[PDB]
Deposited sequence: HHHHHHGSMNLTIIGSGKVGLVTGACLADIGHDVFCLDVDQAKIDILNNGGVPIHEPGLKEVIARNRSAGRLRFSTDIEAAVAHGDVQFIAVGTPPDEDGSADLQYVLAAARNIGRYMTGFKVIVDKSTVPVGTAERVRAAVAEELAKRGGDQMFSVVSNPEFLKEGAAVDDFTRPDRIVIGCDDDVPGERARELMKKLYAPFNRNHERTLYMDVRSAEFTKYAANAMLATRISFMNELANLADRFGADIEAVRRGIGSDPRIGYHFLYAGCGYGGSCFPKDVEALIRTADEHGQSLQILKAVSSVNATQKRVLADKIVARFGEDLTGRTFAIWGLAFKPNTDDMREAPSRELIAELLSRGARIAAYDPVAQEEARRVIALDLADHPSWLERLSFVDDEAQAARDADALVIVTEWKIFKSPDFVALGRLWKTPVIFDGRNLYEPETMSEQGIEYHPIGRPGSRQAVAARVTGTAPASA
């Protein structure tokens, strides 16, 4: 059992801190946003993460988990200091809060600290974190040493508590000098309870660990863009992208996962990380061709639903009504960041249509961000409504558009719907239904990468 400090209280820090406490460590979770800290200390949780509330509560009442804004108390407490603060897009990749945390650790250090970069940060960030802390130690005459370590984060939004407790792997990057080898043993000790069956931890140098995180997200992004290009080609060949998915996923060298063509990828991670890796690379004088292509295919894909709609109803959608099913960038979250629904709704509104959107969870967040998106077009927002019931969105719709494959959308009341829409047309950005089931249900179906039914 060790004393750990986590700096930052978002998905990464909140989950990491709570869960490391849950295995018997004494965790101090620090943040500067006093309201966030106040809310946590009053039994609330600022993020939609199944499991997280009960774990936080359990460990607070047990004396293992504390929330505060006391910077000095935080650095005093932990021998291991996790940097888990955010990294906002710039112009790409804003290191200010990370370096600020690093500075404070250097400013008030007593003895040997292990400083862990948990937040997703660009290769070499750990050297800047080391330079910042070594300096604040020079302004103090410090014969106290430290090592910076890379321990990236692999949590999926809305599945973060499971992903943390039952990880595929744990990546640790350490220097092989003497401080580094000391920090390494401490990480070994810290993560022991995760290595009791298969050995889940994976050791490397810090620059490799930093890199790994980006490459991992970049490959997952490539897989998706890959299938999306092929899906648009399938429409031309008359093939079925879903048959092809089973077809190539059955080769264990490729695997079955993340090959789901649709209306593109969004969220707080892929687009940021892909972009950041492309920039870093251009800055080192290298042009990532494949990743550049991957990023371009996605920007295009986010426009595919509008294209299909415009191709079917015309350039001018004045007088049309579209039901939108699903707003969040993926199911089981309320995160609207980079969500395909936002680009879709904008295009449609701009061409004169009325939109009735439904999402089991993201209604509020969507209303907020889409209002900001469209600030310069008040008159568009007047043609956008949110409804409380999936079927209600369909009232007088020329078509229903599915953009996030939430479970409730998989088995709808097609008869109740038949009584509501103007025409039984569905555009499907996630391939939820089997075309010929749609055909027999009398529905004009427009999937992505498969043949439709159109009757």
Practice prompt. Provide the list of deposited-sequence positions lacking C-alpha coordinates, grouped into contiguous ranges.
Written response: 1-7, 99-100, 465-478
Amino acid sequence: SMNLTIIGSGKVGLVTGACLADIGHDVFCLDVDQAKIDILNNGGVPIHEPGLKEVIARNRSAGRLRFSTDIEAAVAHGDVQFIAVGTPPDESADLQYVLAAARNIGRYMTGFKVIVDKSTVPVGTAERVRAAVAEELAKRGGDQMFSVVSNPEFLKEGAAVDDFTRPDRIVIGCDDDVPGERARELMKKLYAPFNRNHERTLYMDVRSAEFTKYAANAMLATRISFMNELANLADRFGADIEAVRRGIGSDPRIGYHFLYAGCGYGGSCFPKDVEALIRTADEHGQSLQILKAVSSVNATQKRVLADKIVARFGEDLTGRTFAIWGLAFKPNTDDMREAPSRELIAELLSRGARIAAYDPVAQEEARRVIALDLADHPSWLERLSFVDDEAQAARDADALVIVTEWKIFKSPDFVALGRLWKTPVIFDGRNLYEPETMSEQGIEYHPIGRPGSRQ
From here on, numbers count along this sequence of modelled residues.
Practice prompt. Read off the CA B-factors in the entry, average them over 256-264 and over 311-319, and name the higher stretch.
Written response: 311-319
Worksheet item: Comparing 379-387 with 216-224, which has the greater mean CA B-factor as deposited?
Response: 379-387
Item to complete: Among 33, 428, 49, 398, single out the one with the highest C-alpha B factor in the record, please.
Response: 33
Item to complete: By the entry's C-alpha temperature factors, tell me which of 238, 158, 247, 111 sits highest.
Response: 111
Discussion item. Please say which third, lowest, middle or highest, residue 289 falls into when its CA temperature factor is compared across its chain.
Written reply: lowest
Worksheet entry | Modelled-residue ranking by C-alpha temperature factor, third containing residue 404 | lowest
Worksheet entry | Chain third (lowest, middle, highest) by recorded CA B-factor, residue given as residue 197 | highest
Worksheet, complete the sentence: So, residue 120's CA B-factor, relative to its chain, sits in which third? The middle
Worksheet item: Sorting the chain's CA B-factors, does residue 351 end up in the lowest, middle or highest third?
Response: lowest
